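S.K.: Here you go, one structure.
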Amino acid sequence: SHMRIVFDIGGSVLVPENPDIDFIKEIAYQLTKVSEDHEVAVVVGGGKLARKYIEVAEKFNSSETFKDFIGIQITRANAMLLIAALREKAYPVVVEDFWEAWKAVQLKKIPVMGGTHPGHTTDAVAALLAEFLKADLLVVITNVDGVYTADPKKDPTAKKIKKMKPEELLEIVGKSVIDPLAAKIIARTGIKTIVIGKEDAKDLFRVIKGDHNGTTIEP
Amino acid sequence: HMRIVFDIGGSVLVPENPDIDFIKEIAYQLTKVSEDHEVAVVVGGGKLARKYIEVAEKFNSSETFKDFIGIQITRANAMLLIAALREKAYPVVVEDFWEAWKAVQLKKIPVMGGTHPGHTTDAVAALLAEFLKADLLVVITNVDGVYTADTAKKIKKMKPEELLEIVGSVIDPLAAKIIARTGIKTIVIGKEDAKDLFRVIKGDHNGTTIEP
Amino acid sequence: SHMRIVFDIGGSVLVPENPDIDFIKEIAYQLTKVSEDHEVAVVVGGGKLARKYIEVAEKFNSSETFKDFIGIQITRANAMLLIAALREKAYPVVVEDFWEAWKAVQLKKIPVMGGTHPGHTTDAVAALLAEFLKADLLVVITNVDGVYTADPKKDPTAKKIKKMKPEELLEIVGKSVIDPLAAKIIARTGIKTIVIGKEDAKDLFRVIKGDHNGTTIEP
Amino acid sequence: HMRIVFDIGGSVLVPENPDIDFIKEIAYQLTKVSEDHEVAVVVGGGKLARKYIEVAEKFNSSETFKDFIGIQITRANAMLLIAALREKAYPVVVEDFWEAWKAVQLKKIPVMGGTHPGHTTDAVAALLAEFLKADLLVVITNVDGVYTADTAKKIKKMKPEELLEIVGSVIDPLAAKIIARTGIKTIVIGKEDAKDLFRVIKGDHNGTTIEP
Amino acid sequence: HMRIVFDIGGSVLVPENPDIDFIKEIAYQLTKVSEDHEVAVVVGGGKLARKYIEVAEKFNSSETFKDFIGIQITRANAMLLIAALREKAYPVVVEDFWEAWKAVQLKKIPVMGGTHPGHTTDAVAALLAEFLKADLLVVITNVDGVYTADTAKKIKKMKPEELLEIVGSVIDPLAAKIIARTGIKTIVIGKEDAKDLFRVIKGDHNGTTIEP
Amino acid sequence: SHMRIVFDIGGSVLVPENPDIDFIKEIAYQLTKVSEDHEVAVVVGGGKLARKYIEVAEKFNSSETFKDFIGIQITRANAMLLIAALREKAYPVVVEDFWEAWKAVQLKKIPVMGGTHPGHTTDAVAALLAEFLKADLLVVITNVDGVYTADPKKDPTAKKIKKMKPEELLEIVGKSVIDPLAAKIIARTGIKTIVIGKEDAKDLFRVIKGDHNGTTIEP
Ligand SMILES: O=c1ccn([C@@H]2O[C@H](COP(=O)(O)OP(=O)(O)OP(=O)(O)O)[C@@H](O)[C@H]2O)c(=O)[nH]1
Ligand SMILES: O=c1ccn([C@@H]2O[C@H](COP(=O)(O)OP(=O)(O)OP(=O)(O)O)[C@@H](O)[C@H]2O)c(=O)[nH]1
Ligand SMILES: O=c1ccn([C@@H]2O[C@H](COP(=O)(O)OP(=O)(O)OP(=O)(O)O)[C@@H](O)[C@H]2O)c(=O)[nH]1
Ligand SMILES: O=c1ccn([C@@H]2O[C@H](COP(=O)(O)OP(=O)(O)OP(=O)(O)O)[C@@H](O)[C@H]2O)c(=O)[nH]1
Ligand SMILES: O=c1ccn([C@@H]2O[C@H](COP(=O)(O)OP(=O)(O)OP(=O)(O)O)[C@@H](O)[C@H]2O)c(=O)[nH]1
Ligand SMILES: O=c1ccn([C@@H]2O[C@H](COP(=O)(O)OP(=O)(O)OP(=O)(O)O)[C@@H](O)[C@H]2O)c(=O)[nH]1
C-alpha cells in the first residue's frame with residue numbers, strides 16, 4: 998500500500015496566535031512517519047500572523063490584491079517553520095509552483111508550499127496540488143472537527159456529516183470549512199478528501215486508513 | 999483621466016482561426032483609447048485552447064495540466080494583439096500584475112494571458128483591474144450581455165451582489190468574487206459593441222453595467 | 998546496449015493542420031518503449047499552427063524576431079501535447095534550456111523541448127541538445143523519407159542518399183530537410199544523425215539499430 | 999538634490016506588533032522627502048523575525064536557514080511600508096540592487112528587505128547606498144546613537165575608521190566595512206529623531222554622524 | 999533621430016588584456032552619440048574567451064559547454080564597458096532583447112554579451128538590431144572591412165544578398190542571415206575607424222556598407 | 998565513513015596569472031576520487047583575472063559594489079573550468095544559491111559555486127555552504143601553508159599554528183588567510199575547517215583523515 003498524499007495544514011492550526019510549537023513538532027513527526035510508506039506533499043496557511051499583517055495593510059487602504067500577496071508572503075514564512083521541523087526529510091525551500099513540488103517528490107523529499115496566487119486560499123493551492131500530482135488523498139487539517147451543516151463554533155444545530163459527495167460540499171460551502187474554489191477543484195477531479203481537526207491529526211497513520219472522526223468527501 | 004482594463008474573450012479574438020480585421024480594429028481602437036487613458040489588456044484562449052485541451056484530455060491529463068495548456072494558448076493569442084498594437088504595446092506577454100504595472104509606468108499597453116490553474120482570464124482581468132485600481136473593467140465576451148438565463157432577458161444595470169447570484182456562465186465565479194469584493198465598475202459587452210470601444214467606455218453601449 | 003538519444007520531431011508531422019492525435023499517441027508509445035532501455039530526450043516543432051500565427055504577425059508588420067518568438071511559443075504548446083501523451087514518463091514541464099533537460103534525464107524522465115531562441119529552428123535546438131547531452135544519436139523524424147539530392151515533393155530527379163558525412167549534408171543544405187545552423191552543429195561535433203519519415207517512425211526500436219529506409223549522417 | 004537611503008530597524012517598525020501610527024508617519028515623511036530627493040528604503044525584521052528564528056532554533060535548523068527565515072520576515076515587514084507608501088512606492092519588495100535602481104528611474108520608492116545569509120539589513124542598506132552612490136545613509140535603530148559602550157557616552161561625529169573600532182552592536186561589521194570602504198556619509202538616530210526625517214536629513218538631529 | 004546598434008568585437012576591446020584607453024574612448028563616444036540617438040551595444044569575447052574555451056577543450060568539454068564559457072566571458076567584457084559608460088549605462092548586462100528594449104525606454108544604454116550556443120555576438124547584435132528595428136547596425140571588428148578574401157580587395161558597398169555569398182569569416186552566417194532576412198543597414202569597420210564613431214554613423218568611414 | 003565535504007578553492011591557486019591547467023586537472027582528479035566515498039561540493043575564487051577586471055573598473059571610478067559583481071562574474075567563469083575538468087561527475091551549471099547546491103548533492107553530482115553577493119568573498123560563500131549543507135568538513139585550499147601568526151610571504155617571524163579554536167582564527171583574522187565574515191560564520195556554527203596549500207592538496211584522501219601540514223580549526 999503506497001499512496002500519494004497531500005496535507006493541507008490550516009494556518010490557524012499552525013499559528014493560532016504565535017506559532018504553536020508543540021503542534022508543529024507533533025505534526026512534523028506524524029508527517030515524517032507517513033512519509034516512510036507514502037509520498038507526502040504539504041501546503042500550510044497563514045493564521046493569526048497573516049490576519050494581523052493583512053489588517054495593517056487594510057488601514058492603509060491597499061488593494062485586496064496586495065493584501066493577498068501579503069498573506070501569501072506570511073504563509074511562506076510559516077511553511078519555513080514546518081520545513082525546519084521536517085529536518086532532513088524536507089525539500090529545503092518553500093515550493094512556489096506545482097512542478098517544483100513534483101520534483102521534490104522525485105527526490106524522495108517532502109515539499110511544503112505556502113500560497114501561490116491572489117484570489118484564493120491555501121485550500122485551493124492544496125486541491126490543485128493534489129490534482130496536479132494525481133494524489134490518492136487530500137487531507138485537510140483545520141480548526142474544526144469535520145464538515146458540519148452549520149458553523150459548529152457558533153450554530154447550536156450544527157451537525158457533522160461523516161460522508162458526502164463533492165456536490166454536497168459545494169452546496170454547503172455556498173450556503182465555510184473549505185474555500186469555494188478549492189471546493190470546485192475537488193468536485194471537478196473527484197479528489198478523495200478527508201477533513202479532520204487537531205485531535206485526529208495526532209495519528210495520521212490511522213487517519214489515512216479511514217479511522218477518524220472527521221468528514222470524508224468523494225465521488 | 001481613466002485607468003481601464005479590457006478583457007477580450009478568446010472566442011472573440013479567435014473564433015475558429017484568428018479574426019484578422021477584428022484584431023486590427025480592436026488594436027487600433029485600444030491605441031486611440033490609450034492616448035487619453037491608461038490601457039491594460041488580458042486575452043482569452045478561444046476555440047484553439049479548447050482543441051489543445053481536448054487533445055490532452057484524450058491522454059487523461061490532469062485538469063491542472065490542461066489549465067496550463069489553455070494558459071499557454073492564451074499567451075499565444077496575446078502575442079497576436081501585441082503584434083497588432085505595434086510600438087504602443089509592451090513587447091512581451093505579461094505574466095504577473097506588478098509587471099503590468101511597470102508597463103503602465105512606461106506608457107505602454109501591457110497584454111496579459113492567463114496566470115494560474117483554477118480560473119480564467121476573466122479572473123485575471125478582474126484581479127488586474129483590482130491590483131491597478133482601474134476605474135473601469137470592460138469585458139468583451141461572446142454573449143450580448145448579462146441575461147437572466149442562457155426566453156431569458158438582458159439586465160441593463162445591476163450591483164456586484166446581484167452578479168454573484170446570477171453566476172450560481183458569462184463570467185467565472187472567481188472573477189465575480191473579485192469584482193464584488195472590490196466594487197470594480199464593470200461593463201459586459203459582445204463582439205458587436207466591441208466594434209467601437211471609444212464610445213463603449215463612455216456609457217454608449219447596449220451591454221450590462223455592473224457597479225456597486 | 999544503453001545509448002542516449004535525442005529525437006527531433008518535426009512540427010509538420012506533429013501538427014499538419016490540427017494536432018495529429020493518432021501520430022502523437024503512436025510516437026509517444028514508441029518513445030516510451032525506447033525509454034525502457036535508453037535515455038530519451040525530445041524536441042518538437044511548430045507545424046501549421048505556428049505558420050498561421052506567424053503569418054498573422056506578418057500582416058501587422060512585426061519584426062522577424064517577434065515572429066520567431068511566436069513560433070517558439072507555439073512549439074511549447076505543441077511540446078505540452080507530447081508531454082501529455084508521455085504520461086508519467088515525461089518531465090512535467092516544457093524544458094527551456096539544456097541543463098534543465100540534463101536534470102530530467104537524471105530523474106529518469108523524458109524532457110520535451112520546444113524552441114529556444116530567435117534565429118534558428120527546433121532542428122538546431124535538437125542538435126545543440128544532442129551535443130550538450132553528448133548523445134550517441136540524433137533522430138530527425140520529419141515529413142520526408144530521408145535526405146534527397148533535391149526536394150522530393152517537387153523535383154522528379156530527387157534521389158535519396160542513404161549515407162553521407164556531415165560535409166555532404168552541409169553542401170546539400172546550402173545548395182532543406184535540415185536547417186543550416188543545425189547542419190553546422192552536427193558537423194562541428196560529428197553527431198550521428200538519422201533522418202526518417204512517419205513510416206519508419208512507427209518502430210523506433212528498429213530505427214535505432216540502423217534498420218530503416220532513411221538517411222544516416224556521420225563522420 | 001540628494002539621493003538618500005533609509006535603514007529602518009525592525010524593532011522600530013515592529014516593536015512587538017506593527018507600530019501602526021509610526022508606520023503611517025515614517026511613510027508620510029518619506030513621501031515628502033521624496034518630492035525633493037530620490038528615496039530608497041530597507042526594512043529590518045524586529046521581534047517577529049526573532050520569534051520565527053527561535054522556533055527554527057528549537058528544531059536545530061542550521062544558522063543559514065535561520066537567516067533565510069529572518070530575511071523572509073523582513074520582506075513581510077517591508078510590504079507593510081510599501082502599503083503605507085501607497086502609490087509612491089514600488090509595488091513589490093526589491094530583492095537586488097539594480098532592481099532598486101530601476102525603481103529610482105521610475106520615480107518610485109523601492110523598499111528592500113534582507114538579501115543574503117551572513118549579514119543584516121544594515122549591510123543591505125550600506126551596499127544599497129554604495130551601489131546607488133547615495134549622498135546620505137540614514138540608520139534608524141533602537142539606540143539613541145553611537146555610544147562608546149552599551155556609563156557610556158554618545159559621540160557626535162566620527163570617521164568611518166573609528167566606526168570600525170567601536171564595532172569590535183548598534184551596526185553590524187559588514188555594514189561598517191561597506192561604510193568605511195566607500196566613505197558613505199552616515200547618520201545614526203533613534204526612534205525619537207525618526208519622528209521628523211525632514212529635518213534629520215539637514216543635520217538637525219541628536220544622533221551620530223559618521224563621515225570621512 | 001536614429002536607433003543604432005553597435006557590435007564591438009571581443010579582440011578589439013580585449014586584444015590581449017583590456018585595452019584601457021580604447022574602452023575609455025569608445026565609451027565616451029558612445030555617450031555623445033546617445034545624446035542624439037538611441038544607443039544599444041553588444042560586446043564580444045576576444046582572446047580571453049578563447050583562452051578559457053581552449054582550457055575546456057583540454058578536458059574534452061562539449062562544444063555547447065564551450066559556447067557557454069565564451070558567453071560568460073563576453074558578459075565579463077560587457078561589464079567593463081558598462082563601467083566606462085558610467086551613469087549612462089544600464090547597470091546589469093542585458094541577456095535578452097526585450098530587456099534591452101526596457102533599457103532604451105529608460106534612456107539608458109543597454110550592453111549585451113552573448114545569449115545562446117551556436118552563434119556569436121554578431122548574431123546577437125543583428126537580432127538586437129532587428130528586434131529594436133534599429134536604423135543602423137555598426138560592426139567593429141579586427142578587419143579593415145569586407146574583403147573579397149582573407155591579394156584580396158575591399159568592397160565599398162554591397163547588398164545583403166552579396167554578403168551571404170562572401171560568407172560561404183568577418184561575420185558569422187547566422188548574423189548574415191538575420192541582416193539579409195530583415196535588410197538591416199550595416200556598416201563594417203575596423204579598430205581604426207572606431208576611433209571616431211560620431212562620424213562613422215554619418216557615412217564618413219572607409220569600411221563597408223551592407224544595405225538592400 | 999561517509001562525510002559531506004565543502005572545498006573552498008582559492009582563486010589565486012586556480013588562476014595565478016592565467017588558468018593553471020595542471021592544478022585544475024590534478025585537483026579535479028582528487029575531488030573525483032573523494033566523491034567516490036563522500037558527498038563533495040565546491041566553491042572557487044577569482045584569482046588574477048578577477049583582479050585585472052576589477053582594477054579596470056576602478057579606473058572608471060565604478061562603485062565598490064559593481065566591482066564586487068565583476069569579481070563574482072569572473073569566479074563563475076573560473077567555476078566553469080572546474081566543472082569542465084570534473085566531466086560527468088559535475089553538476090552542469092555554476093550553482094548560484096545554496097539550495098541549488100543541495101539539489102546537486104541529491105543527484106550525486108558535484109556542485110561548483112563561484113561568488114554569490116557583494117560584500118564578501120568566496121571564503122564566506124564556502125562557509126555558508128558548509129553551514130547550509132551541515133557539512134562535516136570545510137577544506138580551504140589557499141596559496142599559503144596554513145594559518146600563521148603573521149603573513150608568511152612577508153613577515154619572517156610568521157609561525158604556523160597547527161590547531162586553533164574558532165576564537166583564535168577570529169583574533170588572527172582581525173589583527182588574512184580567511185576573510186572576516188567567513189571567520190564569523192565558521193565561529194557561529196563551529197565548522198571544522200582545514201587550511202592547506204597546493205602541496206597537501208595533491209592528496210585529498212590523506213588531507214581529510216587529518217594527515218596534512220596545514221591548520222585545523224574547530225571548537
Ligand atoms: O494562494 C494563496 C494563499 C493565501 N492567500 C491570502 O493569504 C491569506 C491567508 O491564506 P489562507 O489559506 O490561510 O486563508 P484563509 O482565508 O482560509 O485564512 P483564515 O481566514 O482561516 O485565517 C488569505 O486571506 C488570502 O487572501 C492568497 O491570496 N493566495
Ligand atoms: O488564468 C488562467 C487562464 C486560463 N486558464 C485555462 O485556459 C483555458 C482558456 O482560458 P479562457 O479564459 O479563454 O477560458 P474560458 O473557459 O472562459 O474559455 P471559453 O470557454 O469561452 O472558450 C480555460 O479552459 C482555463 O482552464 C487557466 O487555467 N488559468
Ligand atoms: O528555437 C527556435 C524554434 C523555433 N523558432 C521559430 O518558430 C518557427 C517554428 O519552428 P520550427 O523548428 O518548426 O521551424 P521550421 O522552420 O523548420 O518550420 P516549418 O517551415 O517546417 O513549418 C520557425 O519559423 C522559427 O522562426 C525560433 O525562432 N527558434
Ligand atoms: O540580508 C539579510 C537580512 C537579514 N538576515 C537575518 O534576518 C534577521 C533579521 O534581520 P535584521 O536586519 O532585522 O537583523 P538585526 O539582528 O540586526 O535584528 P535585531 O536584532 O535588532 O532584532 C537577522 O537575524 C539575520 O540573521 C539575513 O540573514 N540577511
Ligand atoms: O551568443 C553567443 C556569443 C558567443 N558565444 C561563444 O563565445 C565565444 C566568443 O564570442 P564572440 O562573439 O567573441 O566570437 P567570435 O568567435 O566571433 O570571436 P573571435 O574569434 O574574433 O575571437 C565564441 O567562441 C562562441 O562560441 C556563443 O556561443 N553564443
Ligand atoms: O561572493 C562573492 C565572491 C566574490 N566577490 C568579489 O570578487 C572578488 C574575488 O573573490 P574572491 O573570493 O577570490 O576574493 P579574495 O578577496 O579572497 O581575492 P584575492 O584577493 O585572493 O585575489 C573579490 O574581490 C570580491 O570583491 C564578491 O563580492 N562576492
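Residue numbers (the deposited numbering), protein chains in the order written: chain A, 998 to 999, 1 to 173, 182 to 225; chain B, 999, 1 to 149, 155 to 172, 182 to 225; chain A', 998 to 999, 1 to 173, 182 to 225; chain B', 999, 1 to 149, 155 to 172, 182 to 225; chain B'', 999, 1 to 149, 155 to 172, 182 to 225; chain A'', 998 to 999, 1 to 173, 182 to 225. A prime marks a further copy of an entry chain.
Every residue, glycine too, gets a C-beta built ideally from N, C-alpha and C.
The alpha helix (DSSP H) with A'/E205 in it runs from where to where?
M.R.: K204 to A207
S.K.: Mind checking whether B'/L168 and B'/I223 have CB atoms under 7 Å apart?
M.R.: no
S.K.: Can you find a CB in chain A that lies within less than 7 Å of the CB of B'/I72?
M.R.: Yes - at least one Cβ of chain A is within 7 Å of the one on B'/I72.
S.K.: Please tell me whether, using a cut-off of 6 Å, the distance from the CB of B'/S10 to the nearest non-hydrogen atom of ligand 4 is below it.
M.R.: yes
S.K.: Please confirm whether any heavy atom of ligand 4 lies closer than 6 Å to the CB of B'/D66.
M.R.: Yes, the Cβ of B'/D66 comes within 6 Å of a heavy atom of ligand 4.
S.K.: CB-CB under 7 Å to A''/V11, same chain, minus the five flanking residues each way: which ones, in chain order?
M.R.: Excluding sequence neighbours, A''/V11 sits near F21, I139, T140, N141 and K204.
S.K.: Using a Cβ-based criterion (distance less than 6 Å to any ligand heavy atom), does A/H218 qualify as near ligand 3?
M.R.: no
S.K.: When you compare only the Cα positions, how much space is there between A'/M111 and A'/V93?
M.R.: 5 Å
S.K.: According to DSSP, what are the bridge partners of A/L135?
M.R.: A/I3
S.K.: Would you identify the three-state DSSP class for B''/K215, choosing helix, strand or coil?
M.R.: coil
S.K.: Give me the DSSP bridge partner(s) of A/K158.
M.R.: A/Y146
S.K.: Along the chain, where does the alpha helix (DSSP H) containing B/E53 start, and where does it finish?
M.R.: Secondary structure note for B/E53: its alpha helix (DSSP H) is the uninterrupted segment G45 to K57.
S.K.: Opposite A/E37 in the DSSP bridges: which residues?
M.R.: A/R2
S.K.: Anything in the region 126–146 of chain B'' with a Cβ closer than 7 Å to a Cβ of chain A'? List those residues in chain order, please.
M.R.: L126, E129, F130 and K132
S.K.: Give, in chain order, every unbroken run of the alpha helix (DSSP H) that is at least 4 residues long and sits entirely within the region 67–127 of chain A.
M.R.: DSSP runs (the alpha helix (DSSP H)) wholly in the region 67–127 of chain A: 96–104.
S.K.: With distances taken between CB atoms, is the gap from A'/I108 to A'/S33 smaller than 7 Å?
M.R.: yes
S.K.: Any heavy atom of ligand 5 inside 6 Å of the beta-carbon of B''/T114?
M.R.: yes
S.K.: A/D153: buried (16+ other C-beta within 10 angstroms of its C-beta) or exposed?
M.R.: exposed
S.K.: Might you give, ordered along the chain, the residues of its own chain that have their beta carbon closer than 7 Å to the beta carbon of B/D121, omitting 5 neighbours on each side?
M.R.: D6, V138, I184, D185 and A188
S.K.: Below 8 Å on the Cβ atoms is my guess for B/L136 versus B/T199; work out the distance and round it to an integer in Å.
M.R.: In this structure B/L136 touches B/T199 by the C-beta definition: roughly 5 Å separates them, less than 8 Å.
S.K.: So, does the CB of A/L105 fall closer than 7 Å to a CB anywhere in chain A''?
M.R.: yes
S.K.: Does any CB atom of chain A' fall closer than 7 Å to the CB of B/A75?
M.R.: yes
S.K.: Report all residues from its chain with a CB closer than 6 Å to the CB of B''/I192; omit the five preceding and five following residues, and keep chain order.
M.R.: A125, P164 and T199
S.K.: Please check if any C-beta of chain A sits within less than 7 Å of the C-beta of A'/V91.
M.R.: yes
S.K.: Compare the C-beta of B''/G117 against all C-beta atoms of chain A' and say whether one is closer than 7 Å.
M.R.: yes
S.K.: Any chance the CB of A''/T63 is under 6 Å from a heavy atom of ligand 5?
M.R.: no
S.K.: Using a 10 Å radius around the Cβ and a threshold of 16 neighbouring Cβ atoms, would you call B/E129 buried or exposed?
M.R.: buried
S.K.: Run the CB neighbour count on A/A82, radius 10 Å, all protein chains shown included, and call it buried at 16 or more, exposed below.
M.R.: buried
S.K.: Report, in whole angstroms, the separation of the C-beta atoms of A'/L105 and A/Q71, which I expect to be a contact under 8 Å.
M.R.: Contact flag wrong, Cβ pair sits at about 30 Å.
S.K.: Would you call the CB atoms of A''/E98 and B'/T195 closer than 7 Å?
M.R.: No, these two residues do not count as a Cβ contact at 7 Å.
S.K.: DSSP has B/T199 in a bridge; who is on the other side?
M.R.: B/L136 and B/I223
S.K.: Give me the Cα-Cα distance between B'/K132 and B'/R2, rounded to the nearest whole angstrom.
M.R.: 8 Å
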